[PDB]
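The structure appears below as structure tokens.
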Amino acid sequence: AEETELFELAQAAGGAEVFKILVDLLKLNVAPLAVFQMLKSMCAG
Amino acid sequence: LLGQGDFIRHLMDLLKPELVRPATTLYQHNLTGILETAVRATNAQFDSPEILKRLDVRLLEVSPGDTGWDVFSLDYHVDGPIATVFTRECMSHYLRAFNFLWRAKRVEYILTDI
Amino acid sequence: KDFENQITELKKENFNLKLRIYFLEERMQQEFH
Amino acid sequence: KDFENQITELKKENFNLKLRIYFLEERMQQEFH
Amino acid sequence: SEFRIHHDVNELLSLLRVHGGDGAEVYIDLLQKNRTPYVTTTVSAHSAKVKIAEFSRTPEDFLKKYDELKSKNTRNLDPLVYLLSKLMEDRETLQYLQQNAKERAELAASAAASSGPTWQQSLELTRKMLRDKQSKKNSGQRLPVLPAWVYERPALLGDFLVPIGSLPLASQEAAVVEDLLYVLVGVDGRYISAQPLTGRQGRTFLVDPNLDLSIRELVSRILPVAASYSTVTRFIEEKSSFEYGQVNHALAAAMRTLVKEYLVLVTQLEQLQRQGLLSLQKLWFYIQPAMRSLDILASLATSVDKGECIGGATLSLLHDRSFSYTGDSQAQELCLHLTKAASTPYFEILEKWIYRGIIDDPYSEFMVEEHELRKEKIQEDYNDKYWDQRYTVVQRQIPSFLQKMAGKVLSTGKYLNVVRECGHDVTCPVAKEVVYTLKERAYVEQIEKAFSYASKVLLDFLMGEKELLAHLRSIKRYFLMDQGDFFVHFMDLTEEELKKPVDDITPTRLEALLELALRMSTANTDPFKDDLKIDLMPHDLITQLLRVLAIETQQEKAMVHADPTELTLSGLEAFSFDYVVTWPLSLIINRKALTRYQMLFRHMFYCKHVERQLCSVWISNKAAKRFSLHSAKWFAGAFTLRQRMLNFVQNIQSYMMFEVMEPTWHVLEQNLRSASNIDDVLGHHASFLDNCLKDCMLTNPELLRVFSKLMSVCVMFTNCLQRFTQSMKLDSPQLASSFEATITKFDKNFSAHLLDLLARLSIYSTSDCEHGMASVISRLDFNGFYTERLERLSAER
């Protein structure tokens with residue numbers, strides 16, 4: 001799980017929504033290019 | 001690239017009614033059937049079923065106004081190292097050669113009949 | 001020849017999904033009884 | 001566009017079938033708990 | 001699971017406040033074909049880190065975490081770091097995510113307010129937790145764990161737990177050398193002191209004030225290696241824990257072997273020390289030879305401990321370190337040696353798992369662990385795991401080099417665990433000693449031969465003990481007749497049982513009928529008969545088949561969730577079949593797979609019974625040839641209706657018999673002939689099943705309902721004909737009310753239903769073209785006498 005380590009990474013990111021569904025995609029080992037396209041699309045909504 | 005003329009004229013003859021036939025009424029299964037029949041009929045039967053796999057088709061565009069012979073086309077797949085050699089631009093070049101050859105050969109059958 | 005191939009893929013996807021639905025329904029019914 | 005129609009039908013059917021199978025899998029996992 | 005996108009990505013679209021656009025559904029689809037069991041993140045990670053720090057407004061925490069996250073050495077921190085850097089690149093994407101998140105954050109906030117390091121403690125918590133973890137993994141087993149007395153006797157290794165006010169400079173150097181030698185032996189200094197390790201440490205020195213500033217500076221180099229050696233002894237003890245692992249014990253013992261070299265050098269210097277012929281600069285010269293090596297050795301130990309490296313964690317850390325220990329060529333080779341040795345601690349089990357086909361998992365170091373999976377309950381269960389969970393894969397536990405072949409190794413280990421579950425557990429004759437070596441392709445090289453041998457052995461064992469050839473030459477009689485006498489007895493005997501409703505059927509009478517029909521034919525050459533039986537379902541084949549076809553389509557609760565108890569127990573559709581094959585002996589047919597193989601019997605035998613009823617009606621209709629059928633208004637419209645319905649039913653059967661049947665059956669035969677692995681045979685059978693049901697056309701709820709309506713119309717017409725025959729031959733109530741030559745109207749309704757079914761076939765041949773639909777249209781349009789009219793009604797859209 002490492003929910004605490006995911007929050008540690010988020011605080012490391014130091015931004016302004018755990019976002020660990022993406023860490024689940026990392027567990028599935030999704031690709032960075034599709035990840036970037038998905039991030040841009042989810043940002044647009 | 002419009003090779004064996006037996007199969008080339010087989011395609012032109014089998015698509016003349018299809019070209020005359022409505023674009024929406026294109027019998028897609030009839031296309032593959034005509035391809036297989038031409039392969040087995042003409043000396044293209046010497047061509048392997050691997051060539052039949054490289055044999056591909058694809059819709060051209062949304063343009064029902066153009067003629068049937070002007071709209072008929074056939075594709076040519078490239079696999080792995082063949083994919084890396086026959087580039088997408090190269091694939092388009094081969095497809096355009098096939099398209100010009102179709103505009104030539106359907107018209108050629110039409111003119112040989114004319 | 002390769003433009004009509006997507007139909008077979010759709011057919012296999014739909015058949016697999018229908019079989020999965022039938023088996024999943026038999027499993028959920030087993031969980032319900 | 002016949003290939004396009006078959007492909008679009010395959011995409012919609014696959015999306016719906018995947019949604020149905022995912023709902024069945026999630027409901028069977030939850031019922032397994 | 002396989003649909004984990006529904007849990008993550010679909011909720012990413014919904015919860016992320018992104019409902020417009022594609023949301024994270026298309027993102028789920030993008031990551032689905034991009035999600036690998038392994039990691040292929042080769043990238044200039046230094047470049048990505050530089051980009052992140054460059055865009056880091058507060059780069060202190062960014063760089064700190066860039067180091068801290070590696071402290072745990074977690075899973076694929078590089079992808080997250082790259083994501084955190086590349087997302088900072090697109091302020092529009094960042095601002096849009098801020099819109100997607102901050103508004104929901106405000107909503108949640110509003111909804112909320114309405115209503116020191118002790119080595120002893122750090123290691124004791126670790127030891128107790130690891131004992132509990134090893135007990136959990138044991139799941140009812142003991143442990144060769146370290147003893148409580150091993151934890152006791154504090155400083156069990158004898159761990160490191162003089163007036164020099166006006167000493168001459170030479171005497172000061174000598175006394176400092178004595179103190180430092182005692183420290184190197186883990187002993188107290190002469191004029192100075194050394195506080196113990198502040199948890200993860202060696203000895204926190206406390207230099208003597210009388211130690212010269214130059215003397216203190218020279219000693220400063222020594223103190224690093226001293227603390228390194230003390231912490232190294234502590235780490236060796238830590239790896240000596242059985243909780244650390246037997247492989248950790250092997251690593252610690254190899255370290256102890258080199259530690260002898262440390263004490264050896266201590267004594268080598270002690271030779272001159274007792275001789276009194278050493279010097280501070282001479283000592284520094286000798287220390288430089290291995291003072292760095294001391295810290296180098298403690299490095300890998302701290303890497304394992306800080307990552308709590310269990311399983312292939314320390315293995316991957318070690319292999320990466322060996323790939324980076326270059327420059328320090330000595331460490332580049334020493335770590336390789338440790339790798340090669342300690343591989344065998346797991347590689348023996350790996351060889352055991354790979355070679356022996358039996359993975360030893362006292363610690364479950366091999367990723368393949370023989371997960372509990374009762375193979376017997378696979379056949380009778382609609383959902384089974386034994387075929388896939390007789391050996392689970394611990395993807396988290398894998399070595400650096402092992403991770404490459406692991407997937408191929410996963411397949412090979414699955415085959416080997418299959419051989420073990422086959423009773424004939426065996427070692428693969430390829431027992432290339434699993435051990436660590438620089439050749440990585442060599443690790444998979446002999447692995448290729450081993451996997452090939454495993455697959456070949458599986459194929460041979462299937463052709464032997466499984467012997468699926470007879471299991472199919474006999475199943476041909478099952479659900480497909482393939483011989484008139486195969487199902488002739490079943491049709492001839494089940495008549496009374498089916499006449500008895502499903503509530504009225506007698507199971508004992510059915511059993512007797514089955515046994516007698518089993519002995520009633522000469523086709524008993526098939527020996528697998530005992531593996532097969534009959535059965536029944538508390539719902540019609542339609543009752544569940546159409547419910548699945550309308551999979552929450554139009555009758556989610558109207559008919560699919562409507563219990564068959566709403567209707568009555570009817571003998572015919574409720575009937576079913578039974579068959580089974582053991583776990584090792586082909587538990588292939590799980591109740592989902594077994595149901596798929598079974599229901600073809602139901603559909604085929606339904607059509608068979610309808611044709612039998614039609615043939616019985618026609619045979620009883622043998623007297624009408626002795627006169628003119630014109631005077632048979634209630635018995636001659638039957639002739640026209642039979643002509644109109646033979647094309648609907650009897651002719652409908654021929655398309656299944658030849659076009660549908662030959663393709664799937666021959667595909668199964670040829671694909672099984674080309675099948676070499678279990679997956680290949682599964683593909684051949686899956687073709688025989690899916691493609692056969694596809695040509696059966698039993699998965700389109702609208703078209704299947706139309707065909708069922710036509711078949712039911714035919715069945716009702718046969719029933720009305722039989723009723724009119726019973727009410728007329730006995731005439732020589734309800735049966736006479738079925739038809740009074742109104743069976744002419746029933747035949748007209750059958751013709752209309754046939755027109756609708758031909759329209760459905762035309763719809764299949766138009767919206768799907770196909771060859772089977774074109775054949776359905778071709779079989780309908782046999783002649784225009786009943787097809788030119790159908791063609792006009794087809795134009796009647």
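Quick note on naming: the chains in the structure tokens go A, B, ... in the order shown, residues restart at 1 in each chain, and ligands are numbered from 1 in order of appearance.
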Query raised in the report: Which residues come within 12 Å of residue 42 (chain A), counting only C-alpha atoms, excluding same-chain residues fewer than 2 positions away, as number ranges by chain?
Result: A: 22, 34-40, 44-45; E: 9-28, 87, 92-101
I need the residues from that last selection saved to file as a PDB file, in the first residue's frame (with C-alpha atoms), if you can.
ATOM      1  CA  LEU A  22      -1.830   6.792 -10.373  1.00  0.00           C
ATOM      2  CA  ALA A  34       0.264   7.462 -22.089  1.00  0.00           C
ATOM      3  CA  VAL A  35       0.504   8.797 -18.532  1.00  0.00           C
ATOM      4  CA  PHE A  36       1.385  12.285 -19.788  1.00  0.00           C
ATOM      5  CA  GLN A  37      -1.422  12.202 -22.354  1.00  0.00           C
ATOM      6  CA  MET A  38      -3.837  11.043 -19.645  1.00  0.00           C
ATOM      7  CA  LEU A  39      -2.650  13.770 -17.269  1.00  0.00           C
ATOM      8  CA  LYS A  40      -3.210  16.445 -19.906  1.00  0.00           C
ATOM      9  CA  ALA A  44      -8.657  19.462 -19.431  1.00  0.00           C
ATOM     10  CA  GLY A  45     -11.380  17.319 -17.872  1.00  0.00           C
TER      11      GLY A  45
ATOM     12  CA  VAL E   9      -9.320   5.463 -13.878  1.00  0.00           C
ATOM     13  CA  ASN E  10     -13.124   5.664 -14.092  1.00  0.00           C
ATOM     14  CA  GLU E  11     -13.165   7.091 -10.581  1.00  0.00           C
ATOM     15  CA  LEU E  12     -10.353   9.328 -11.825  1.00  0.00           C
ATOM     16  CA  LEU E  13     -12.766  10.774 -14.363  1.00  0.00           C
ATOM     17  CA  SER E  14     -15.588  11.053 -11.838  1.00  0.00           C
ATOM     18  CA  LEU E  15     -13.820  12.067  -8.614  1.00  0.00           C
ATOM     19  CA  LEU E  16     -11.240  14.266 -10.360  1.00  0.00           C
ATOM     20  CA  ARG E  17     -14.156  16.492 -11.296  1.00  0.00           C
ATOM     21  CA  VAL E  18     -13.380  15.671 -14.930  1.00  0.00           C
ATOM     22  CA  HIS E  19     -16.624  14.506 -16.532  1.00  0.00           C
ATOM     23  CA  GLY E  20     -16.319  16.457 -19.764  1.00  0.00           C
ATOM     24  CA  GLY E  21     -13.819  15.315 -22.275  1.00  0.00           C
ATOM     25  CA  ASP E  22     -12.597  11.751 -22.031  1.00  0.00           C
ATOM     26  CA  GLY E  23     -12.001  11.934 -18.280  1.00  0.00           C
ATOM     27  CA  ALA E  24      -9.639   9.185 -17.172  1.00  0.00           C
ATOM     28  CA  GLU E  25     -11.455   6.429 -19.073  1.00  0.00           C
ATOM     29  CA  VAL E  26      -9.486   6.905 -22.273  1.00  0.00           C
ATOM     30  CA  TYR E  27      -6.568   7.434 -19.888  1.00  0.00           C
ATOM     31  CA  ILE E  28      -7.364   3.993 -18.448  1.00  0.00           C
ATOM     32  CA  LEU E  87       3.623  17.721 -14.960  1.00  0.00           C
ATOM     33  CA  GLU E  92      -2.147  24.604 -18.317  1.00  0.00           C
ATOM     34  CA  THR E  93      -2.310  20.925 -17.395  1.00  0.00           C
ATOM     35  CA  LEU E  94      -1.290  21.862 -13.848  1.00  0.00           C
ATOM     36  CA  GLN E  95      -3.878  24.648 -13.657  1.00  0.00           C
ATOM     37  CA  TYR E  96      -6.552  22.358 -15.084  1.00  0.00           C
ATOM     38  CA  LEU E  97      -5.693  19.714 -12.487  1.00  0.00           C
ATOM     39  CA  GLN E  98      -5.880  22.483  -9.885  1.00  0.00           C
ATOM     40  CA  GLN E  99      -9.395  23.228 -11.124  1.00  0.00           C
ATOM     41  CA  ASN E 100     -10.206  19.509 -10.968  1.00  0.00           C
ATOM     42  CA  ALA E 101      -8.859  19.189  -7.397  1.00  0.00           C
TER      43      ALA E 101
END
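With chain C fixed and chain D moved onto it by least squares, the Cα RMSD over every paired residue reaches 1.3 Å.
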Requested in this report: Identify all chain D residues at most 10 Å from chain E by counting only C-alpha atoms; ligands do not count. Present them as a PyMOL selection string.
Outcome: chain D and resi 2+5-6+15+17-26+29
Would you mind exporting C-alpha atoms of the selected residues as a compact mmCIF listing (two decimals), in the first residue's frame?
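As a result, out.txt now contains:
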# COMPACT_ATOMS: atom_id res chain seq x y z
CA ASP D 2 -17.66 0.17 -43.75
CA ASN D 5 -18.37 1.50 -39.00
CA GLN D 6 -17.28 -1.98 -37.94
CA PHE D 15 -16.11 -0.30 -23.98
CA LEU D 17 -18.47 -5.05 -22.46
CA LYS D 18 -15.41 -3.98 -20.47
CA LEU D 19 -17.59 -1.76 -18.29
CA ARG D 20 -19.99 -4.66 -17.69
CA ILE D 21 -17.16 -7.10 -16.96
CA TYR D 22 -15.45 -4.61 -14.65
CA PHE D 23 -18.69 -4.01 -12.77
CA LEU D 24 -19.19 -7.77 -12.46
CA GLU D 25 -15.60 -8.25 -11.26
CA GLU D 26 -15.84 -5.42 -8.72
CA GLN D 29 -14.77 -9.09 -5.35
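The residue that comes closest to residue 31 (chain B), out of B:92, B:99, B:73, B:112 and on the basis of only C-alpha atoms, is B:73.
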Query raised in the report: Please, which residues of chain B lie no more than 9 Å from chain E when the count uses only C-alpha atoms, and can they be set out as a list in words?
Result: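 Output check: residues 27, 28 and 29 of chain B.
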The selected residues should be written to file as an mmCIF file, in the first residue's frame (atoms: N, CA and C atoms).
data_model
loop_
_atom_site.group_PDB
_atom_site.id
_atom_site.type_symbol
_atom_site.label_atom_id
_atom_site.label_comp_id
_atom_site.auth_asym_id
_atom_site.auth_seq_id
_atom_site.Cartn_x
_atom_site.Cartn_y
_atom_site.Cartn_z
ATOM 1 N N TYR B 27 -19.847 -4.731 -51.134
ATOM 2 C CA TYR B 27 -19.830 -6.012 -50.435
ATOM 3 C C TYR B 27 -18.412 -6.271 -49.952
ATOM 4 N N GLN B 28 -18.151 -5.943 -48.683
ATOM 5 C CA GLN B 28 -16.795 -6.074 -48.167
ATOM 6 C C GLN B 28 -16.349 -7.526 -48.200
ATOM 7 N N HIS B 29 -17.235 -8.446 -47.810
ATOM 8 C CA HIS B 29 -16.888 -9.856 -47.901
ATOM 9 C C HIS B 29 -16.657 -10.249 -49.350
#
